[PDB]
Structure formats: C-alpha cells, structure tokens
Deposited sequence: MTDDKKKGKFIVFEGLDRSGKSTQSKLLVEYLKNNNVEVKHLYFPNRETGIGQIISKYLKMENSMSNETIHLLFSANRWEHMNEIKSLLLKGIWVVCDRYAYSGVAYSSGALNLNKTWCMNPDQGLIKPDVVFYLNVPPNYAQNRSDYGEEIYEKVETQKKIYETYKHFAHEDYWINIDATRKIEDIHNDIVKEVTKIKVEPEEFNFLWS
C-alpha cells in the first residue's frame, strides 16, 4: 500500500559543476535500461512561487534573506505530493538540487544560521543517494560571482559525511564521472522500503 518502490537520486554541486550534464547522462542510462524515470530540477521557476524566485535570481526584484530562503523551501514542498506518487508507483526521480542547495546557498551566500536554514525542509522526502559534483571554484544570476561560490563550497561540507552523500570528483573526464555515478547507482538496494524524511 505505502512502500517507496522507485529510487530517488539527487545531484548537488556548485554552479557550473556539471550537474545537468551528469544528471541527463544518468536519466538516459536508466531509460536505456527500461527504468521509468522523471528528471526534476529545483527551483522549479514555473510555479507561482518559482516565478518570484526567478525574479530574485535575475535581480528583477530584491528580497530579504529569510523571505527568499523560505520561498526556495516552499518550492520543494509544493512537489512533495507528486514525488511521493511517482516513487510509490516505482518510477524513479533524478533531481538537480534539493534541500542541501537550500542550506549551503543561504548559509554561504546570505550568512543565515544553518539550523534555521534546515528547519523548513525538515519532513521533505529523503533521497536514496546524493551525488555531490565536487569542483573547487578556482577559475546573469545573483549568486554567479566566484567570491560567492567559494563561500558555498565551504558550507556544502556540512553534509560531506552523511552516508547518503557520495562525493564525486567532478574534475575528471565527463565519461569517467558518468561511469563513477553508474557504479554507485548499481549499489542501490533493489526492493521496496518505507519512505524516510529529512533530516533523519
């Protein structure tokens, strides 16, 4: 009746870490293996909430640090019913960015308290695995600056030792990064299981 049957994979990483390259490669690989999979992205800029987030990111409005933080969290909550329904049926979800982005970006770029940042996402569906595309920032949107990216790299380390968190050296060839990811995916437990939730 109520078991999670599909698998839920999140990609995390700084901007231009290769997330969408790798997530598209993973989705293609799963589809070639007959697995039904939905590719989702956060923020979803299409929703009423996402359209405001979009203005914020393009600097078409300005918003206070707590206001935008909470909108990013509400934007995930408005997808929970749909993600749950997919996973309950056995459809997999590959998702570019999630609650980890919310915490790392707001604490890193906006200097918000980590616990305060985590609280609104408590209760979101927990993914089976997070692939963190690790690219030290050594080299249009509000967080674009290399100075801003360096602060976020540090804050992402908050999650580095959780057993769901898989560090991926994203400085390697694209094919080799993808092979690395496919390998970890084959380790995911096959059978249905109870849903788990952040930040358990």
item	value
Missing C-alpha runs, given along the deposited sequence, first residue counted as 1	1-2, 142-149
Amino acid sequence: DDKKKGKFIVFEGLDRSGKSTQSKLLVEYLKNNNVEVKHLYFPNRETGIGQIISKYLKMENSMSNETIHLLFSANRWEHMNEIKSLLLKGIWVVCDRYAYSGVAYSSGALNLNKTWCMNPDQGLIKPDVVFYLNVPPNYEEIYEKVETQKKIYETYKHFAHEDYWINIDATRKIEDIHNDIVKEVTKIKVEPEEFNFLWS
From here on, numbers count along this sequence of modelled residues.
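For clarity, a rigid core is taken as the largest C-alpha set superposing within 1.5 Å between two forms.
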| property | result |
| --- | --- |
| Divergent stretch in 6 other deposited structures of this protein, 45-53 or 62-70 [C-alpha RMS, superposed by the core] | 45-53 |
| Between 187-195 and 5-13, larger RMS Cα displacement in 6 other deposited structures of this protein after core fit | 187-195 |
| Between the two ranges 172-180 and 5-13, the one averaging a larger CA B factor in the entry | 172-180 |
| Mean temperature factor over C-alpha atoms, higher-scoring stretch between 93-101 and 106-114 | 106-114 |
| Maximum C-alpha temperature factor, selected from 60, 46, 66, 141 | 141 |
| Within-chain third of residue 156 by Cα B-factor, per the entry | middle |
| Residue 52 CA temperature factor, ranked by third within the chain | lowest |
| Among modelled residues of the same chain, the CA temperature factor third for residue 70 | lowest |
| Ranked C-alpha temperature factor of residue 131 among modelled chain residues, by third | middle |
| Lowest, middle or highest third - CA B-factor, residue 42 | lowest |
